[PDB]
Structure formats: C-alpha cells, structure tokens
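Before any comments, here is the structure.
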Amino acid sequence: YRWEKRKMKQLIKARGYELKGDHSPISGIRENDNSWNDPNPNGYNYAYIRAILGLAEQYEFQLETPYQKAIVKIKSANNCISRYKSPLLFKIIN
RNA sequence: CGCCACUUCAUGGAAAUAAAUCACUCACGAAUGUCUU
C-alpha cells in the first residue's frame with residue numbers, strides 16, 4: 001500500500017496546480033526514490049494509511065504560489081465513521 | 001521554524017401508586033283516647 005498523500009499530490013499535479021517542494025513525492029522505502037510517476041506496469045496500490053492512527057478532517061497542501069493553498073476534505077463515503085481516537089496511548093509517570 | 005482549522009449540540013426509562021369511600025347521635029317527642037246538642 002501507498003498512502004493517500006502520494007495520490008493526493010499526484011492528482012493535484014495532474015491539474016494546473018503546482019505544489020511547493022524541492023523533492024518529489026516519496027515512493028517506496030529506498031533512500032532516494034523521490035518520483036512523480038508510478039513505476040511502469042500499472043499504478044501502485046493506494047489506501048488511506050493514516051486513518052488507522054487517527055482520523056483527520058482536512059489535508060492542507062500549501063501551494064507554492066503564495067497566499068493560496070489546497071484543502072482536501074475527508075468524509076466517510078456514507079456517514080458511518082465521523083471520528084477515530086488514536087489507538088496509541090502515551091503515559092507519563094515519574 | 002513558518003503557515004493553517006474542521007467536527008459533534010438528547011436519546012432511552014419512570015408519566016402516578018397505596019390507605020381511608022362516610023362515621024356517631026337523634027329514627028318521632030308532647031297534646032287529644034272523645035266532646036257539644
């Protein structure tokens with residue numbers, strides 16, 4: 001799986017919107033795979049990876065063109081999942 | 001370090017329940033038991 005952030009950036013670049021960044025979106029794990037296009041045979045497998053560690057409402061992408069930014073809104077695609085508490089609990093004792 | 005907010009604003013249960021439903025007193029008292037022609 002590749003996180004939805006990768007395809008969010010790719011879709012926005014597919015339109016006449018250019019995003020701020022010196023490095024291309026990261027693909028895979030290797031040290032330098034900053035690529036904009038999927039490998040070759042077919043597109044990567046994508047999923048909403050960041051949901052399992054806490055559901056958000058908006059994704060802000062902050063276009064390079066100043067004083068304007070792109071907002072991606074997350075909705076449950078049928079009103080079933082409105083929130084999700086993070087499943088990790090941090091504890092501080094002594 | 002800079003920049004930046006969205007979301008949620010009541011449902012479910014109880015909506016009357018028991019006790020007393022008339023009680024006591026008086027239930028006839030006194031006069032007349034024939035009178036006047």
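By convention in this document, the chains of the structure tokens carry letters A, B, ... by their order, each chain's residues are numbered from 1, and ligands are numbered from 1 in the order they are shown.
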Quick one: contact table of chain B to chain A, 10 Å max, nearest atom pair and distance in Å to one decimal per residue, counting only C-alpha atoms (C1' of nucleotides), chain and number order, as JSON lines?
```
{"residue": "B:3", "atom": "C1'", "partner": "A:62", "partner_atom": "CA", "distance": 8.4}
{"residue": "B:4", "atom": "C1'", "partner": "A:60", "partner_atom": "CA", "distance": 7.6}
{"residue": "B:5", "atom": "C1'", "partner": "A:58", "partner_atom": "CA", "distance": 8.0}
{"residue": "B:6", "atom": "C1'", "partner": "A:57", "partner_atom": "CA", "distance": 5.9}
{"residue": "B:7", "atom": "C1'", "partner": "A:57", "partner_atom": "CA", "distance": 7.7}
{"residue": "B:8", "atom": "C1'", "partner": "A:82", "partner_atom": "CA", "distance": 8.9}
```
Write the selection just made, keeping N, CA, C and O atoms (P, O5', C5', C4', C3', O3' and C1' of nucleotides), as a PDB file, in the first residue's frame?
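Result written to out_12.pdb:
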```pdb
ATOM      1  P     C B   3       3.791  32.527  11.048  1.00  0.00           P
ATOM      2  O5'   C B   3       2.641  31.893  10.153  1.00  0.00           O
ATOM      3  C5'   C B   3       2.513  32.257   8.789  1.00  0.00           C
ATOM      4  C4'   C B   3       1.726  31.233   8.017  1.00  0.00           C
ATOM      5  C3'   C B   3       0.413  30.796   8.639  1.00  0.00           C
ATOM      6  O3'   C B   3      -0.632  31.729   8.437  1.00  0.00           O
ATOM      7  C1'   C B   3       1.597  28.899   7.878  1.00  0.00           C
ATOM      8  P     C B   4      -1.773  31.917   9.551  1.00  0.00           P
ATOM      9  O5'   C B   4      -2.684  30.625   9.374  1.00  0.00           O
ATOM     10  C5'   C B   4      -3.258  30.323   8.115  1.00  0.00           C
ATOM     11  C4'   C B   4      -3.828  28.929   8.080  1.00  0.00           C
ATOM     12  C3'   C B   4      -4.769  28.564   9.211  1.00  0.00           C
ATOM     13  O3'   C B   4      -6.065  29.105   9.045  1.00  0.00           O
ATOM     14  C1'   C B   4      -3.265  26.783   8.822  1.00  0.00           C
ATOM     15  P     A B   5      -6.784  29.836  10.278  1.00  0.00           P
ATOM     16  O5'   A B   5      -7.208  28.635  11.228  1.00  0.00           O
ATOM     17  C5'   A B   5      -8.561  28.223  11.303  1.00  0.00           C
ATOM     18  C4'   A B   5      -8.787  26.914  10.592  1.00  0.00           C
ATOM     19  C3'   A B   5     -10.196  26.358  10.703  1.00  0.00           C
ATOM     20  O3'   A B   5     -11.043  26.909   9.709  1.00  0.00           O
ATOM     21  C1'   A B   5      -8.619  24.657  11.208  1.00  0.00           C
ATOM     22  P     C B   6     -12.634  26.742   9.794  1.00  0.00           P
ATOM     23  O5'   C B   6     -12.884  25.275   9.239  1.00  0.00           O
ATOM     24  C5'   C B   6     -14.000  24.525   9.677  1.00  0.00           C
ATOM     25  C4'   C B   6     -13.750  23.046   9.562  1.00  0.00           C
ATOM     26  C3'   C B   6     -14.784  22.165  10.235  1.00  0.00           C
ATOM     27  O3'   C B   6     -15.938  21.980   9.439  1.00  0.00           O
ATOM     28  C1'   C B   6     -12.622  21.433  10.838  1.00  0.00           C
ATOM     29  P     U B   7     -17.395  22.168  10.081  1.00  0.00           P
ATOM     30  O5'   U B   7     -17.594  20.845  10.942  1.00  0.00           O
ATOM     31  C5'   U B   7     -17.341  19.572  10.372  1.00  0.00           C
ATOM     32  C4'   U B   7     -17.400  18.481  11.407  1.00  0.00           C
ATOM     33  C3'   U B   7     -18.524  18.588  12.419  1.00  0.00           C
ATOM     34  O3'   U B   7     -19.757  18.130  11.900  1.00  0.00           O
ATOM     35  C1'   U B   7     -16.496  18.014  13.512  1.00  0.00           C
ATOM     36  P     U B   8     -21.127  18.862  12.298  1.00  0.00           P
ATOM     37  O5'   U B   8     -21.533  18.173  13.671  1.00  0.00           O
ATOM     38  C5'   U B   8     -21.560  16.759  13.790  1.00  0.00           C
ATOM     39  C4'   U B   8     -21.559  16.333  15.234  1.00  0.00           C
ATOM     40  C3'   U B   8     -22.470  17.123  16.157  1.00  0.00           C
ATOM     41  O3'   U B   8     -23.819  16.704  16.073  1.00  0.00           O
ATOM     42  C1'   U B   8     -20.350  16.840  17.174  1.00  0.00           C
TER      43        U B   8
END
```
**Request:** Please report, as a ChimeraX atom specification, each residue of chain A to which DSSP assigns helix (DSSP H, G or I) when run on this structure's backbone.
**Result:** /A:4-14,49-51
**Message:** My list of candidates is A:8, A:47, A:63, A:92. Which is closest to residue A:21 when distances are computed with only C-alpha atoms?
**Reply:** A:63
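Checking A:16, A:10, A:94, A:88 one by one against residue A:37, counting only C-alpha atoms, you find the shortest gap at A:10.
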**Request:** Assign secondary structure with DSSP using the backbone only, and return the residues of chain A in strand (DSSP E) as a PyMOL selection string.
**Result:** chain A and resi 2-3+46-47+58-60+71-73
Please save N, CA and C atoms of the selected residues as a PDB file, in the first residue's frame.
```pdb
ATOM      1  N   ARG A   2       0.408   2.260  -0.743  1.00  0.00           N
ATOM      2  CA  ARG A   2       0.994   3.590  -0.724  1.00  0.00           C
ATOM      3  C   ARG A   2      -0.033   4.568  -0.172  1.00  0.00           C
ATOM      4  N   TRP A   3       0.416   5.452   0.713  1.00  0.00           N
ATOM      5  CA  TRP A   3      -0.501   6.315   1.441  1.00  0.00           C
ATOM      6  C   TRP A   3      -1.215   7.280   0.496  1.00  0.00           C
ATOM      7  N   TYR A  46      -2.963   1.886  -3.555  1.00  0.00           N
ATOM      8  CA  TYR A  46      -3.114   3.022  -2.662  1.00  0.00           C
ATOM      9  C   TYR A  46      -4.232   2.766  -1.661  1.00  0.00           C
ATOM     10  N   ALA A  47      -4.082   3.343  -0.472  1.00  0.00           N
ATOM     11  CA  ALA A  47      -5.086   3.221   0.575  1.00  0.00           C
ATOM     12  C   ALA A  47      -4.913   4.368   1.558  1.00  0.00           C
ATOM     13  N   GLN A  58      -9.271  17.606   7.388  1.00  0.00           N
ATOM     14  CA  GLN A  58      -8.751  18.343   6.248  1.00  0.00           C
ATOM     15  C   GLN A  58      -7.282  18.011   6.037  1.00  0.00           C
ATOM     16  N   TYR A  59      -6.871  18.019   4.774  1.00  0.00           N
ATOM     17  CA  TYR A  59      -5.467  17.945   4.394  1.00  0.00           C
ATOM     18  C   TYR A  59      -5.090  19.252   3.710  1.00  0.00           C
ATOM     19  N   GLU A  60      -4.088  19.932   4.253  1.00  0.00           N
ATOM     20  CA  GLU A  60      -3.615  21.204   3.729  1.00  0.00           C
ATOM     21  C   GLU A  60      -2.299  20.976   3.000  1.00  0.00           C
ATOM     22  N   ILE A  71      -7.016  22.471  -0.084  1.00  0.00           N
ATOM     23  CA  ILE A  71      -7.595  21.766   1.051  1.00  0.00           C
ATOM     24  C   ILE A  71      -8.314  20.532   0.527  1.00  0.00           C
ATOM     25  N   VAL A  72      -7.995  19.376   1.099  1.00  0.00           N
ATOM     26  CA  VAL A  72      -8.677  18.125   0.793  1.00  0.00           C
ATOM     27  C   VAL A  72      -9.496  17.737   2.014  1.00  0.00           C
ATOM     28  N   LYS A  73     -10.801  17.572   1.822  1.00  0.00           N
ATOM     29  CA  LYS A  73     -11.719  17.247   2.904  1.00  0.00           C
ATOM     30  C   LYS A  73     -11.983  15.749   2.909  1.00  0.00           C
TER      31      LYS A  73
END
```
**Asked** What gap, in Å, lies between atom CA of residue A:4 and atom CA of residue A:49?
**Response**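 Taking atom CA of residue A:4 and atom CA of residue A:49, their separation equals 6.8 Å.
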**Item:** Shell of 12 Å around residue A:38, only C-alpha atoms (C1' of nucleotides), local chain residues under 4 positions omitted, as a ChimeraX atom specification
**Value:** /A:2,6-7,10,25-28,33-34,42-46
Selected residues written out, C-alpha atoms, as a PDB file, in the first residue's frame:
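Final output, again_5.pdb:
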```
ATOM      1  CA  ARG A   2       0.994   3.590  -0.724  1.00  0.00           C
ATOM      2  CA  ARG A   6       1.073  10.297  -2.588  1.00  0.00           C
ATOM      3  CA  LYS A   7      -2.016  10.165  -4.806  1.00  0.00           C
ATOM      4  CA  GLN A  10      -0.211  13.344  -7.950  1.00  0.00           C
ATOM      5  CA  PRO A  25       6.878  12.618  -3.526  1.00  0.00           C
ATOM      6  CA  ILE A  26       8.491   9.616  -1.865  1.00  0.00           C
ATOM      7  CA  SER A  27       7.812   6.168  -3.330  1.00  0.00           C
ATOM      8  CA  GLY A  28       8.823   3.020  -1.520  1.00  0.00           C
ATOM      9  CA  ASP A  33      13.014   7.323  -4.775  1.00  0.00           C
ATOM     10  CA  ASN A  34      11.584  10.841  -4.984  1.00  0.00           C
ATOM     11  CA  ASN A  42       0.465  -0.413 -13.509  1.00  0.00           C
ATOM     12  CA  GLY A  43      -0.236   2.096 -10.780  1.00  0.00           C
ATOM     13  CA  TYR A  44       0.718   1.493  -7.179  1.00  0.00           C
ATOM     14  CA  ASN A  45      -1.767   0.094  -4.679  1.00  0.00           C
ATOM     15  CA  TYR A  46      -3.114   3.022  -2.662  1.00  0.00           C
TER      16      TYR A  46
END
```
